[PDB]
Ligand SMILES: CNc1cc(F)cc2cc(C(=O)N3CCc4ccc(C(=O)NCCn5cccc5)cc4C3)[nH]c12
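Here you get one chain, nothing else, as structure tokens; it is the form solved without this ligand.
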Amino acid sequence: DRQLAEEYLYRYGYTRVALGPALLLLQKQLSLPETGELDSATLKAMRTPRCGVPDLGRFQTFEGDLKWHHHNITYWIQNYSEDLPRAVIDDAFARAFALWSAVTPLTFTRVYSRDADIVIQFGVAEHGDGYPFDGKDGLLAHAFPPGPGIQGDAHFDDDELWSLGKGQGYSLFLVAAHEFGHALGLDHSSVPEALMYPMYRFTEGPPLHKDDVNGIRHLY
């Protein structure tokens, strides 16, 4: 347990900012009871599959002010997981973008070139950016804030079983909608029901909540 805590608090930025004080920062950030203790609710939280983007701080120094300055956003589906038919993957990403296009002045268009603003990639372990995935479960995906090159891109851990219904695996639609939020410039939310909360929860309800819309509206 203390080894899991050490790795979680390190990976997601709490240890850098700071086990008590770092656990307090995590409990505040995740809206858990703020005991300062490695207790059952905190351990359950740490064992919950979630987004690979850090909570406090950032992957790295990025370029620019971290939002898009044009409105026709392009995305490239660089490769495909074998877990779902191509057309089902295409439609999952299209629906995830449709969530954000309704609440922003942005449009999203699928392109077939590396030139895209948002390059979407499936990969496993170390997949080319120095931020390796971790095998099945754990972190499910990550993305990078708007800007040039890797910025704006969205990566999905193909050691996960990608699905869409209730049942085994993880909803590619829900995780993509979350990661696309980062690709548009959002940080994680501390509201457990919000789309931009970092933990994965399956739902058949509408993914966007007030906090997500408030955040994207603030930017655009």
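In case it trips you up, residue 1 is the first one in the sequence shown, and so on.
Not on display, but discussed next: the form deposited with this ligand bound.
A.B. asks: Place this ligand on the shown form using its pose in the deposited bound form and a superposition of the nearby C-alphas, then give a one-word verdict, open or blocked, with blocked set at 3+ atoms within 2.4 Å of backbone or C-beta.
C.D. replies: Blocked.
A.B. asks: Which of 104-112, 91-99, 137-145, 70-78 has heavy atoms within 4.5 Å of this ligand in the deposited bound form?
C.D. replies: Selected range: 137-145.
A.B. asks: Could you work out which of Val53, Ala177, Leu26, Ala154 is the residue within 4.5 angstroms of this ligand in the deposited bound form, going by heavy atoms?
C.D. replies: Checking each option against this ligand in the deposited bound form, the one that comes within 4.5 Å is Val53.
A.B. asks: If you check in the deposited bound form, is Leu195 within 4.5 Å of this ligand, heavy atoms only?
C.D. replies: Flag for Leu195 set to no.
A.B. asks: With a 4.5 Å heavy atom cut-off, would you call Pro49 a contact of this ligand in the deposited bound form?
C.D. replies: Flag for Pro49 set to no.
A.B. asks: At 4.5 Å between heavy atoms, is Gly169 in contact with this ligand in the deposited bound form?
C.D. replies: No - in the deposited bound form, heavy atoms of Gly169 and this ligand never come within 4.5 Å of each other.
A.B. asks: Quick one: does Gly36 come within 4.5 Å of this ligand in the deposited bound form, counting heavy atoms only?
C.D. replies: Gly36 lies outside the contact set for this ligand.
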